[PDB]
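Some notes on the structure that comes next.
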Amino acid sequence: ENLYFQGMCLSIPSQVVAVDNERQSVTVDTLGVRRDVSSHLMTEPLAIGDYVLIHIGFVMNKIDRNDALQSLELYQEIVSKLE
Amino acid sequence: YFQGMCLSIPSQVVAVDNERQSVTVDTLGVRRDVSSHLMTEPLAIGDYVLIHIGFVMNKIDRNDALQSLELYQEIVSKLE
């Protein structure tokens, strides 16, 4: 699963070349092209010289139910306005 | 970073299967099953969640990565 960046594209092992934990970012090199990326979804702490496989994904964060319920009316109005 | 391009929609947990370790969420009427391992903290039925999208990174063994990269390079030389 972790091999697939998305369903029809193989992740390329990428070397970690910089780590900035105070700014939650890491720089990776993928076949020589460098990209700085947010490190919020790294699955364990990383260091220079580690190799990673990367995929677009997500994690689920809880939100207070009352805040969710109050905000949802605005989300529905947006959908109504833009569909 | 690209999470900055969209607003996560509050989504209700509408089913929980602990034998499969999955949950179902509902986002304005549309339901999806998601792995429970993706919870950042304990969720229960009826809770609301917001996803955080981004690049998930899995560390792999350096030697495996380095040996495989010859094959990636070979594909690139051939296609691109």
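Restricting the range B:46-66 to residues that are within 30 Å of residue A:29 (Cβ to Cβ) and more than 17 Å from the chain's Cα centre (by Cα) leaves a set whose member that is nearest to the other protein chains (Cβ to nearest Cβ) is B:65. Being of a type in the set (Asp, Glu), touching a strand residue (DSSP E or B) at 6+ places or on another chain (Cβ under 9 Å) and in a helix (DSSP H, G or I) is a property that residue B:26 lacks. Residues in the range B:29-76 that are among the acidic types (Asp, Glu) and part of a helix (DSSP H, G or I): B:64, B:70, B:74.
When the test is whether a residue is farther than 26 Å from residue B:36 by Cα, crowded, with 18+ Cβ neighbours inside 10 Å and among the small types (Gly, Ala, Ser), residue A:14 passes it.
The residues on offer are A:69, A:82, and the sole one that is more than 7 Å from chain B (Cβ to nearest Cβ), exposed (fewer than 11 other Cβ atoms within 10 Å of the Cβ) and under 20 Å from residue B:30 (Cβ atoms) is A:82. A single member of B:29, B:54 is among the small types (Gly, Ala, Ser) and surrounded by fewer than 17 Cβ atoms within 10 Å (Cβ to Cβ), and it is B:29. Within the range B:13-23, the set of residues being outside any loop (DSSP other than H, G, I, E, B) and either farther than 14 Å from residue A:68 by Cα or at the interface with chain A (Cβ under 8 Å from one of its Cβ atoms) (or both) comprises B:14, B:15, B:16, B:17, B:22, B:23. Do we have any residue at all in the range B:37-45 that's within 11 Å of chain A (Cβ to nearest Cβ), more than 30 Å from residue A:48 (Cβ to Cβ) and not aliphatic (A, V, I, L, M)? Yes: one or more hits.
Values quoted throughout were computed directly from the atomic coordinates according to the rules given, and no laboratory measurement underlies them. Note: ideal-geometry Cβ built from the backbone for every residue, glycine included; neighbour counts use all protein chains shown.
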